[PDB]
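Just one chain is shown here, as structure tokens, and it is the form deposited in one PDB entry.
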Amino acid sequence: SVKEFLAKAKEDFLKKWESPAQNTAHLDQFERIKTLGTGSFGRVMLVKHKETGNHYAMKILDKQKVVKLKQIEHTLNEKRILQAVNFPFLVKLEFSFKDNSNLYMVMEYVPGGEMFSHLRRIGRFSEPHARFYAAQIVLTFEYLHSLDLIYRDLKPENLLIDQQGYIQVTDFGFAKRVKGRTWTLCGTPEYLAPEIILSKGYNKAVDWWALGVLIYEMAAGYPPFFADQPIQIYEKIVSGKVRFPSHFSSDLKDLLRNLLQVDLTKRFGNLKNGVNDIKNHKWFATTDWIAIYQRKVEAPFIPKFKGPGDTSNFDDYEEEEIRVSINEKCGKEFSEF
């Protein structure tokens, strides 16, 4: 049963949430290969675990930049949550640790590359292709929300394709365990729900709105609200008018009018029937959820894998020396990491 699985899932999560794993590896157990991606206060690198020969992806966050951009609390959220969760489509945290300069999170290496890269290159995905990914995001948000977690940073930039062509969700930087409502103005301009922009309080429904932006971008090739300047993007999100490409199917557009819904009383995911309003939507009719969860379904796209440690699915980034200061920076701020 789903309730049964989730109840067992919750009991597993809670024991880890209350008793977080900490300091389970050290920088020197890993050989650094290549920068796979960057962010405002850090970067992610392909690494190899010396003792087993396994490959992993290591996220390195600069503590001082986290503080300058006031992201201390957000970062503690990310690790605490990530180590407690366990789902087929979540990038697994294999180990975490910190040093004088940085925080470290060592995740499974997902060799297929970012959805973003494939999306911009190909232009757009077919609907059955976009659906296969969307279904996985749907199950993942069901899992996540059942734990009282809000995700808040969905975008193609934050989704990876695995070796059998299934999706893996990454970046828990804005994720938060919250039962009530919250106020932080955060996320990516194109993906912000209107309630975030207008400084109202908000909840898990912002994730379902973001899913709507994602599905639209995957199927259209561009986002529903864009302009040269964020101020102008907000003016567009807030006005709420949305236009769809002519090739979007009816089921798709309907699904999106409901996810991209400014009225919180009407947004899909946020109603009485919860996520089932989405799983049972016509656009997903051909989707077998159990088979999807069991990974028994054939993926629409199997990435080219030219061997272990291959990185040809990621862009090249300027390599910077990973410098670790001789002084502890911001020790008190990150004590529990």
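Here, rigid core means the biggest group of C-alpha atoms that superpose within 1.5 Å across both forms. Residue positions are given as counts along the sequence shown, with the first one as 1.
Keep in mind that the form deposited in another entry is missing from the display, and what follows is about it.
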query: Rigid-core-referenced C-alpha movement of 2 Å or more between the shown form and the other one, selected from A299, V47, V275, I292; finding: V47
query: Post core alignment: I72 C-alpha displaced by 2 Å or more between the shown form and the other one; finding: yes
query: Rigid core superposed: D254 CA moves 2 Å or more between the shown form and the other one; finding: no
query: Per-residue C-alpha change between the shown form and the other one, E157, threshold 2 Å, rigid core fit; finding: no
